[PDB]
Amino acid sequence: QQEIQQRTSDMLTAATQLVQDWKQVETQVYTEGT
Amino acid sequence: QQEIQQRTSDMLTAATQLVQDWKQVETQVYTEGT
Amino acid sequence: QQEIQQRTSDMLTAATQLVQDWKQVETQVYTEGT
Amino acid sequence: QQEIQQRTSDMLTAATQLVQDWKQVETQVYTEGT
Amino acid sequence: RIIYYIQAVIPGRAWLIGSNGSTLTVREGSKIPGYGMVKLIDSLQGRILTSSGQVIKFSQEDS
Amino acid sequence: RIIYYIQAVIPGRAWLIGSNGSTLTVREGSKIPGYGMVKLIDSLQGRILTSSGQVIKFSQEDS
Amino acid sequence: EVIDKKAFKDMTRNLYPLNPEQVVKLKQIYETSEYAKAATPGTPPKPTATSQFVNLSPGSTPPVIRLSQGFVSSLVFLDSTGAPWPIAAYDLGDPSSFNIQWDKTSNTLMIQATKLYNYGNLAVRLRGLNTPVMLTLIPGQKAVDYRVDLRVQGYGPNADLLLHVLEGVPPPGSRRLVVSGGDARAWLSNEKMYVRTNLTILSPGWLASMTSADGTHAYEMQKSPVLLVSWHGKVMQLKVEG
Amino acid sequence: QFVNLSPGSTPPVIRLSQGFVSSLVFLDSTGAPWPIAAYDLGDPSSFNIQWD
């Protein structure tokens with residue numbers, strides 16, 4: 001019964017990790033040549 | 001009965017916020033070109 | 001019965017997050033070329 | 001019975017070690033000659 | 001005849017443009033030529049009620 | 001006759017292009033020439049319902 | 001030996017608490033939440049470009065600009081001939097609601113509204129004029145003005161329609177005609193026809209003509225119910241309505 | 001697309017995606033290139049712009 005809550009804690013850490021991984025978008029890089 | 005007073009406190013904060021938002025009037029800006 | 005109040009706390013955090021996300025409007029950027 | 005949990009601890013350390021070893025990818029090196 | 005279209009509306013006022021290009025601004029009690037007397041300005045949904053029963057709106061491809 | 005294709009769609013609006021190259025934008029209640037009256041704009045799945053029963057979509061090799 | 005398998009399964013479940021299908025559904029939940037967050041309520045305004053004439057009489061009404069929160073509107077100023085009129089100065093009331101970008105020499109302003117429903121006014125002084133030009137700025141309508149072209153009454157420091165017919169822009173004041181038998185367009189403005197085509201007109205006789213660099217012709221002529229046209233050596237006729 | 005500067009036409013639409021690059025190049029009616037004098041971008045938190 002209590003297994004729902006232990007599962008909630010490992011799952012909470014994994015889902016927070018997943019959403020913070022989905023947040024980042026990085027700027028593109030332009031290289032000039034001469 | 002006591003609900004009038006809890007309502008008075010959330011309402012007091014909101015009305016104070018509204019009146020302080022209605023107070024501010026900002027100076028105009030003139031731009032010169034040459 | 002008490003579920004209304006637990007729900008009020010997670011919901012309060014989410015709605016505060018939503019309204020603060022709706023508040024920000026950023027200035028436009030003009031680029032000059034020569 | 002308790003052997004499942006001792007095994008969980010040595011196994012946890014080994015699997016964490018394995019996954020952190022699988023994470024790293026290093027940048028390539030270009031050599032210029034004259 | 002002449003057709004009037006809503007150019008802008010706030011609570012209280014409404015700016016209208018005609019098919020001849022003339023622009024006017026009106027409040028709750030005001031005179032409009034060819035339509036009559038204004039009875040109600042509804043800032044939401046963009047409707048103006050007139051004493052002759054007509055409703056003043058936006059142009060359909062320009063709204 | 002003329003065939004219209006969805007160029008872009010958000011909730012509320014839809015930008016369409018015709019086979020003659022003309023571009024239009026429409027909302028929920030709007031007039032479309034040759035099709036009739038718009039009844040529903042479905043932003044998901046890219047479908048536009050028309051009063052004549054027609055459904056407006058993307059071009060098939062351009063979608 | 002079953003101890004190894006049991007430890008292996010609880011270990012795998014501890015290492016990856018989320019299934020692959022749960023990862024897919026979680027990603028779907030996240031993207032649906034972002035779509036609901038980013039969606040806009042009601043209908044968005046229609047983007048239009050307009051052109052108005054500004055009258056500097058002491059009886060006329062000041063012009064109106066429809067704005068929207070977060071969008072950019074460009075204002076360009078022209079005189080009675082249509083030439084650009086450079087700006088001497090400007091004045092913005094209430095800058096917490098609007099931000100103005102302007103290079104200090106051109107005749108175009110770019111205005112963005114910061115708030116939703118607060119409206120204001122603006123003063124613009126041009127180079128040759130003494131009377132300032134006044135605009136009023138109202139946001140939150142059912143249309144958003146991307147560009148307003150303003151004709152000012154006087155004459156600026158700088159001072160035809162068949163050229164616009166060549167470009168494909170219909171002549172101002174005209175009405176459409178129906179043409180059958182070939183690829184042509186025509187308009188009627190002042191009991192004169194204006195025709196855009198790349199065929200060669202032979203018989204009915206024109207008053208003036210224009211040509212583009214790539215070979216498009218624009219003709220202005222009097223009205224007639226028949227035209228005789230020969231394309232690159234072949235003679236035929238086109239039939240018009242009215 | 002062909003861009004008409006008439007006061008009746010609708011401005012053109014560019015379809016984008018998150019993390020992807022779209023290049024816009026400006027040419028005239030003949031097809032020769034037309035260099036850009038300036039640009040002005042609203043909402044830079046949603047878009048990133050490079051320009052030599």
# chains A, B, ... in the order shown; residues from 1 in each chain; ligands from 1
call {"tool": "select_by_dssp", "arguments": {"residues": "chain H", "states": "strand (DSSP E or B)", "output": "PDB file with N, CA, C and O atoms, in the first residue's frame"}}
result
ATOM      1  N   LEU H  27      15.585  38.567 -52.357  1.00  0.00           N
ATOM      2  CA  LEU H  27      15.873  38.818 -53.760  1.00  0.00           C
ATOM      3  C   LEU H  27      14.791  39.740 -54.311  1.00  0.00           C
ATOM      4  O   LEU H  27      13.692  39.832 -53.761  1.00  0.00           O
ATOM      5  N   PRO H  33      19.918  39.585 -55.881  1.00  0.00           N
ATOM      6  CA  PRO H  33      19.878  39.808 -54.433  1.00  0.00           C
ATOM      7  C   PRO H  33      19.680  41.261 -54.037  1.00  0.00           C
ATOM      8  O   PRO H  33      20.129  42.190 -54.712  1.00  0.00           O
ATOM      9  N   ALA H  38      18.459  46.996 -42.384  1.00  0.00           N
ATOM     10  CA  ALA H  38      18.293  46.827 -40.948  1.00  0.00           C
ATOM     11  C   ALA H  38      17.151  45.861 -40.683  1.00  0.00           C
ATOM     12  O   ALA H  38      16.334  45.574 -41.562  1.00  0.00           O
ATOM     13  N   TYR H  39      17.079  45.397 -39.435  1.00  0.00           N
ATOM     14  CA  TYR H  39      15.942  44.619 -38.979  1.00  0.00           C
ATOM     15  C   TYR H  39      15.641  44.940 -37.529  1.00  0.00           C
ATOM     16  O   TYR H  39      16.468  45.477 -36.782  1.00  0.00           O
ATOM     17  N   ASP H  40      14.421  44.585 -37.151  1.00  0.00           N
ATOM     18  CA  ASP H  40      13.892  44.812 -35.820  1.00  0.00           C
ATOM     19  C   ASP H  40      13.073  43.594 -35.431  1.00  0.00           C
ATOM     20  O   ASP H  40      12.095  43.252 -36.114  1.00  0.00           O
ATOM     21  N   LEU H  41      13.472  42.943 -34.338  1.00  0.00           N
ATOM     22  CA  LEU H  41      12.875  41.688 -33.916  1.00  0.00           C
ATOM     23  C   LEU H  41      12.161  41.893 -32.592  1.00  0.00           C
ATOM     24  O   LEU H  41      12.778  42.325 -31.601  1.00  0.00           O
TER      25      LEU H  41
END
call {"tool": "closest_atom_pairs", "arguments": {"of": "chain G", "to": "chain B", "cutoff": "7 Å", "atoms": "only C-alpha atoms", "output": "tab-separated table"}}
result
residue	atom	partner	partner_atom	distance
G:88	CA	B:33	CA	5.7
G:89	CA	B:32	CA	5.0
G:90	CA	B:31	CA	5.4
G:91	CA	B:30	CA	4.5
G:92	CA	B:29	CA	5.6
G:93	CA	B:28	CA	4.5
G:94	CA	B:28	CA	5.8
G:95	CA	B:28	CA	6.7
G:104	CA	B:33	CA	4.9
G:105	CA	B:34	CA	6.6
call {"tool": "write_last_selection", "arguments": {"atoms": "N, CA, C and O atoms", "output": "compact mmCIF listing (two decimals), in the first residue's frame"}}
result
# COMPACT_ATOMS: atom_id res chain seq x y z
N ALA G 88 11.70 65.30 -37.57
CA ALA G 88 12.57 66.16 -36.76
C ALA G 88 12.64 65.67 -35.32
O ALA G 88 13.73 65.56 -34.76
N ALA G 89 11.50 65.36 -34.71
CA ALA G 89 11.51 64.94 -33.31
C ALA G 89 10.25 64.14 -33.01
O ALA G 89 9.28 64.16 -33.76
N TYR G 90 10.27 63.46 -31.86
CA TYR G 90 9.04 62.82 -31.40
C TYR G 90 8.90 62.87 -29.89
O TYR G 90 9.85 63.13 -29.15
N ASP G 91 7.66 62.66 -29.46
CA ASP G 91 7.28 62.70 -28.05
C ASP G 91 6.26 61.64 -27.68
O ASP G 91 5.15 61.63 -28.22
N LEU G 92 6.63 60.79 -26.72
CA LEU G 92 5.79 59.67 -26.35
C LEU G 92 5.33 59.91 -24.92
O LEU G 92 6.16 60.08 -24.01
N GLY G 93 4.01 59.93 -24.75
CA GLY G 93 3.44 59.89 -23.45
C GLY G 93 3.27 58.44 -23.03
O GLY G 93 3.01 57.56 -23.86
N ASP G 94 3.41 58.22 -21.74
CA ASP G 94 3.41 56.94 -21.05
C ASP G 94 4.38 55.90 -21.63
O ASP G 94 3.97 54.96 -22.31
N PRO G 95 5.68 56.02 -21.37
CA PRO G 95 6.63 54.99 -21.85
C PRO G 95 6.61 53.65 -21.11
O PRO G 95 7.36 52.75 -21.51
N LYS G 104 17.88 58.09 -35.83
CA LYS G 104 17.60 59.50 -35.63
C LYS G 104 17.48 60.29 -36.94
O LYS G 104 17.51 61.52 -36.89
N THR G 105 17.33 59.62 -38.09
CA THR G 105 17.26 60.31 -39.37
C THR G 105 16.13 59.88 -40.29
O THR G 105 15.75 60.67 -41.16
call {"tool": "atom_distance", "arguments": {"atom1": "atom CA of residue F:27", "atom2": "atom CA of residue F:13"}}
result
4.6 Å
call {"tool": "closest_atom_pairs", "arguments": {"of": "chain H", "to": "chain C", "cutoff": "12 Å", "atoms": "only C-alpha atoms", "output": "tab-separated table"}}
result
residue	atom	partner	partner_atom	distance
H:35	CA	C:33	CA	10.1
H:36	CA	C:33	CA	7.9
H:37	CA	C:33	CA	5.8
H:38	CA	C:32	CA	5.2
H:39	CA	C:31	CA	5.6
H:40	CA	C:30	CA	4.3
H:41	CA	C:29	CA	5.4
H:42	CA	C:28	CA	4.5
H:43	CA	C:28	CA	6.0
H:44	CA	C:28	CA	6.9
H:45	CA	C:26	CA	7.9
H:46	CA	C:26	CA	10.6
H:47	CA	C:28	CA	11.4
H:48	CA	C:29	CA	11.1
H:49	CA	C:31	CA	10.1
H:50	CA	C:31	CA	10.4
H:51	CA	C:31	CA	9.2
H:52	CA	C:33	CA	8.6
call {"tool": "residues_around", "arguments": {"residues": "residue F:4", "least_positions_apart": "6", "cutoff": "9 Å", "atoms": "only C-alpha atoms", "output": "ChimeraX atom specification"}}
result
/F:16-19,56-59
call {"tool": "write_last_selection", "arguments": {"atoms": "N, CA, C and O atoms", "output": "JSON list (two decimals), in the first residue's frame"}}
result
[["chain", "number", "residue", "atom", "x", "y", "z"],
["F", 16, "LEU", "N", -4.56, 30.51, -45.35],
["F", 16, "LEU", "CA", -4.75, 29.62, -46.48],
["F", 16, "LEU", "C", -4.16, 30.26, -47.72],
["F", 16, "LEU", "O", -4.09, 31.49, -47.84],
["F", 17, "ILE", "N", -3.74, 29.42, -48.66],
["F", 17, "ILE", "CA", -3.24, 29.83, -49.96],
["F", 17, "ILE", "C", -4.05, 29.12, -51.03],
["F", 17, "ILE", "O", -4.45, 27.96, -50.86],
["F", 18, "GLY", "N", -4.32, 29.81, -52.14],
["F", 18, "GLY", "CA", -5.06, 29.24, -53.23],
["F", 18, "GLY", "C", -4.14, 28.77, -54.35],
["F", 18, "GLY", "O", -2.93, 28.98, -54.33],
["F", 19, "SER", "N", -4.75, 28.11, -55.33],
["F", 19, "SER", "CA", -4.00, 27.65, -56.50],
["F", 19, "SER", "C", -3.59, 28.80, -57.40],
["F", 19, "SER", "O", -2.70, 28.62, -58.24],
["F", 56, "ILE", "N", -10.96, 21.57, -45.59],
["F", 56, "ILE", "CA", -9.77, 22.21, -46.10],
["F", 56, "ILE", "C", -8.55, 21.66, -45.38],
["F", 56, "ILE", "O", -8.52, 21.61, -44.14],
["F", 57, "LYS", "N", -7.56, 21.21, -46.17],
["F", 57, "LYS", "CA", -6.33, 20.56, -45.74],
["F", 57, "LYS", "C", -5.12, 21.20, -46.41],
["F", 57, "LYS", "O", -5.23, 22.13, -47.21],
["F", 58, "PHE", "N", -3.97, 20.67, -46.04],
["F", 58, "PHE", "CA", -2.64, 20.87, -46.59],
["F", 58, "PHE", "C", -2.51, 20.24, -47.98],
["F", 58, "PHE", "O", -3.26, 19.32, -48.32],
["F", 59, "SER", "N", -1.57, 20.73, -48.79],
["F", 59, "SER", "CA", -1.30, 20.06, -50.06],
["F", 59, "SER", "C", -0.62, 18.73, -49.71],
["F", 59, "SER", "O", 0.07, 18.64, -48.70]]
call {"tool": "residues_around", "arguments": {"residues": "residue A:16", "least_positions_apart": "6", "cutoff": "12 Å", "atoms": "only C-alpha atoms", "output": "PyMOL selection string"}}
result
(chain A and resi 8-10+22-23) or (chain G and resi 18+26+30)
call {"tool": "write_last_selection", "arguments": {"atoms": "C-alpha atoms", "output": "compact mmCIF listing (two decimals), in the first residue's frame"}}
result
# COMPACT_ATOMS: atom_id res chain seq x y z
CA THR A 8 6.33 8.20 -5.83
CA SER A 9 9.72 9.30 -4.49
CA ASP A 10 11.98 7.46 -7.06
CA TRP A 22 13.72 18.71 -21.71
CA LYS A 23 14.04 22.44 -20.77
CA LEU G 18 10.12 4.83 -15.52
CA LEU G 26 5.23 11.87 -20.07
CA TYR G 30 4.69 17.87 -21.32
call {"tool": "closest_atom_pairs", "arguments": {"of": "chain F", "to": "chain E", "cutoff": "10 Å", "atoms": "only C-alpha atoms", "output": "JSON lines"}}
result
{"residue": "F:24", "atom": "CA", "partner": "E:61", "partner_atom": "CA", "distance": 9.4}
{"residue": "F:25", "atom": "CA", "partner": "E:61", "partner_atom": "CA", "distance": 9.0}
{"residue": "F:26", "atom": "CA", "partner": "E:61", "partner_atom": "CA", "distance": 8.8}
{"residue": "F:29", "atom": "CA", "partner": "E:60", "partner_atom": "CA", "distance": 9.6}
{"residue": "F:30", "atom": "CA", "partner": "E:60", "partner_atom": "CA", "distance": 7.4}
{"residue": "F:31", "atom": "CA", "partner": "E:60", "partner_atom": "CA", "distance": 8.0}
call {"tool": "select_by_dssp", "arguments": {"residues": "chain A", "states": "alpha helix (DSSP H)", "output": "PyMOL selection string"}}
result
chain A and resi 3-23
call {"tool": "write_last_selection", "arguments": {"atoms": "C-alpha atoms", "output": "PDB file, in the first residue's frame"}}
result
ATOM      1  CA  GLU A   3       4.747   1.018  -2.071  1.00  0.00           C
ATOM      2  CA  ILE A   4       2.795   3.724  -3.922  1.00  0.00           C
ATOM      3  CA  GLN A   5       4.616   6.383  -1.904  1.00  0.00           C
ATOM      4  CA  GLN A   6       8.139   4.820  -2.187  1.00  0.00           C
ATOM      5  CA  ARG A   7       7.465   4.604  -5.919  1.00  0.00           C
ATOM      6  CA  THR A   8       6.330   8.204  -5.827  1.00  0.00           C
ATOM      7  CA  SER A   9       9.723   9.297  -4.493  1.00  0.00           C
ATOM      8  CA  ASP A  10      11.980   7.461  -7.061  1.00  0.00           C
ATOM      9  CA  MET A  11       9.521   8.441  -9.792  1.00  0.00           C
ATOM     10  CA  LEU A  12       9.498  12.045  -8.604  1.00  0.00           C
ATOM     11  CA  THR A  13      13.241  12.297  -8.894  1.00  0.00           C
ATOM     12  CA  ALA A  14      13.261  10.672 -12.344  1.00  0.00           C
ATOM     13  CA  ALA A  15      10.434  12.857 -13.713  1.00  0.00           C
ATOM     14  CA  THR A  16      12.034  16.054 -12.382  1.00  0.00           C
ATOM     15  CA  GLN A  17      15.259  14.960 -14.060  1.00  0.00           C
ATOM     16  CA  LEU A  18      13.418  14.324 -17.324  1.00  0.00           C
ATOM     17  CA  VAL A  19      11.604  17.655 -17.404  1.00  0.00           C
ATOM     18  CA  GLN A  20      14.765  19.645 -16.551  1.00  0.00           C
ATOM     19  CA  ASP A  21      16.488  17.744 -19.356  1.00  0.00           C
ATOM     20  CA  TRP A  22      13.718  18.715 -21.714  1.00  0.00           C
ATOM     21  CA  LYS A  23      14.043  22.443 -20.771  1.00  0.00           C
TER      22      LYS A  23
END
call {"tool": "closest_atom_pairs", "arguments": {"of": "chain H", "to": "chain G", "cutoff": "7 Å", "atoms": "only C-alpha atoms", "output": "CSV"}}
result
residue,atom,partner,partner_atom,distance
H:6,CA,G:169,CA,6.6
H:7,CA,G:49,CA,5.1
H:8,CA,G:49,CA,6.4
H:10,CA,G:48,CA,6.6
H:42,CA,G:71,CA,6.5
call {"tool": "write_last_selection", "arguments": {"atoms": "C-alpha atoms", "output": "short mmCIF file (atom, residue, chain, number, x, y, z; two decimals), in the first residue's frame"}}
result
data_model
loop_
_atom_site.label_atom_id
_atom_site.label_comp_id
_atom_site.auth_asym_id
_atom_site.auth_seq_id
_atom_site.Cartn_x
_atom_site.Cartn_y
_atom_site.Cartn_z
CA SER H 6 0.02 46.80 -51.59
CA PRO H 7 -2.12 48.00 -48.66
CA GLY H 8 -4.52 45.09 -49.10
CA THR H 10 -1.58 39.79 -46.19
CA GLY H 42 10.11 41.45 -31.39
#
call {"tool": "residues_around", "arguments": {"residues": "stretch 78-80 of chain G", "least_positions_apart": "3", "cutoff": "10 Å", "atoms": "only C-alpha atoms", "output": "PyMOL selection string"}}
result
chain G and resi 53-54+83-86+107-108+149-159
call {"tool": "write_last_selection", "arguments": {"atoms": "N, CA and C atoms", "output": "mmCIF file, in the first residue's frame"}}
result
data_model
loop_
_atom_site.group_PDB
_atom_site.id
_atom_site.type_symbol
_atom_site.label_atom_id
_atom_site.label_comp_id
_atom_site.auth_asym_id
_atom_site.auth_seq_id
_atom_site.Cartn_x
_atom_site.Cartn_y
_atom_site.Cartn_z
ATOM 1 N N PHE G 53 -4.996 59.319 -45.033
ATOM 2 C CA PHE G 53 -4.675 60.715 -45.271
ATOM 3 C C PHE G 53 -4.953 61.496 -43.998
ATOM 4 N N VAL G 54 -3.992 62.321 -43.614
ATOM 5 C CA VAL G 54 -3.997 63.089 -42.383
ATOM 6 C C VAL G 54 -4.318 64.519 -42.764
ATOM 7 N N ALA G 83 6.345 61.342 -51.572
ATOM 8 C CA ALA G 83 7.745 61.243 -51.213
ATOM 9 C C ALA G 83 7.911 61.167 -49.697
ATOM 10 N N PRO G 84 8.995 60.546 -49.221
ATOM 11 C CA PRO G 84 9.233 60.488 -47.776
ATOM 12 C C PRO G 84 9.484 61.863 -47.180
ATOM 13 N N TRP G 85 9.042 62.007 -45.944
ATOM 14 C CA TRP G 85 9.168 63.238 -45.171
ATOM 15 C C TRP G 85 9.925 62.932 -43.889
ATOM 16 N N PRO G 86 11.176 63.373 -43.753
ATOM 17 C CA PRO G 86 11.967 63.010 -42.571
ATOM 18 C C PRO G 86 11.447 63.659 -41.297
ATOM 19 N N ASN G 107 12.230 58.182 -41.602
ATOM 20 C CA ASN G 107 10.838 58.616 -41.517
ATOM 21 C C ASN G 107 9.911 57.488 -41.068
ATOM 22 N N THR G 108 10.490 56.469 -40.419
ATOM 23 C CA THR G 108 9.786 55.282 -39.955
ATOM 24 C C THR G 108 10.034 55.076 -38.464
ATOM 25 N N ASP G 149 0.322 53.769 -43.467
ATOM 26 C CA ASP G 149 0.963 54.754 -44.326
ATOM 27 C C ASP G 149 0.259 56.085 -44.148
ATOM 28 N N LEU G 150 0.998 57.148 -43.837
ATOM 29 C CA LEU G 150 0.304 58.408 -43.577
ATOM 30 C C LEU G 150 0.640 59.467 -44.620
ATOM 31 N N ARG G 151 -0.404 59.995 -45.276
ATOM 32 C CA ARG G 151 -0.284 61.102 -46.219
ATOM 33 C C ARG G 151 -0.507 62.382 -45.435
ATOM 34 N N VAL G 152 0.476 63.228 -45.398
ATOM 35 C CA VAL G 152 0.366 64.508 -44.717
ATOM 36 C C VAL G 152 0.085 65.592 -45.752
ATOM 37 N N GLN G 153 -0.636 66.633 -45.319
ATOM 38 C CA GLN G 153 -1.317 67.556 -46.221
ATOM 39 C C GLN G 153 -0.340 68.411 -47.020
ATOM 40 N N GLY G 154 0.773 68.820 -46.414
ATOM 41 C CA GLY G 154 1.681 69.756 -47.050
ATOM 42 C C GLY G 154 2.565 69.147 -48.118
ATOM 43 N N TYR G 155 3.719 69.771 -48.331
ATOM 44 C CA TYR G 155 4.707 69.317 -49.301
ATOM 45 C C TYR G 155 6.045 69.144 -48.601
ATOM 46 N N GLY G 156 6.696 68.004 -48.817
ATOM 47 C CA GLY G 156 7.939 67.724 -48.139
ATOM 48 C C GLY G 156 9.150 68.239 -48.888
ATOM 49 N N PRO G 157 10.351 67.964 -48.363
ATOM 50 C CA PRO G 157 11.575 68.377 -49.074
ATOM 51 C C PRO G 157 11.815 67.644 -50.378
ATOM 52 N N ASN G 158 11.202 66.487 -50.576
ATOM 53 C CA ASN G 158 11.214 65.774 -51.844
ATOM 54 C C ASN G 158 9.821 65.851 -52.451
ATOM 55 N N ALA G 159 9.751 66.189 -53.730
ATOM 56 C CA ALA G 159 8.473 66.319 -54.414
ATOM 57 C C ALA G 159 8.645 66.039 -55.899
#
call {"tool": "interface_residues", "arguments": {"of": "chain F", "to": "chain H", "cutoff": "9 Å", "atoms": "only C-alpha atoms", "output": "list in words"}}
result
residues 7, 8, 15, 21, 22, 23, 24 and 25 of chain F
call {"tool": "atom_distance", "arguments": {"atom1": "atom CA of residue F:42", "atom2": "atom CA of residue G:39"}}
result
13.4 Å
call {"tool": "residues_around", "arguments": {"residues": "residue G:178", "least_positions_apart": "2", "cutoff": "7 Å", "atoms": "only C-alpha atoms", "output": "VMD selection string"}}
result
chain G and resid 176 180 240 to 241
call {"tool": "closest_residue", "arguments": {"among": "E:2, E:14, E:41, E:49", "to": "chain G", "atoms": "only C-alpha atoms"}}
result
E:14
call {"tool": "atom_distance", "arguments": {"atom1": "atom CA of residue E:62", "atom2": "atom CA of residue G:42"}}
result
17.4 Å
call {"tool": "residues_around", "arguments": {"residues": "residue F:50", "least_positions_apart": "4", "cutoff": "6 Å", "atoms": "only C-alpha atoms", "output": "MDAnalysis selection string"}}
result
chainID F and resid 37:39 54
call {"tool": "write_last_selection", "arguments": {"atoms": "C-alpha atoms", "output": "PDB file, in the first residue's frame"}}
result
ATOM      1  CA  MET F  37     -19.390  29.662 -44.439  1.00  0.00           C
ATOM      2  CA  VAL F  38     -16.736  28.334 -42.005  1.00  0.00           C
ATOM      3  CA  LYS F  39     -18.247  26.115 -39.311  1.00  0.00           C
ATOM      4  CA  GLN F  54     -15.916  20.388 -47.571  1.00  0.00           C
TER       5      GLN F  54
END
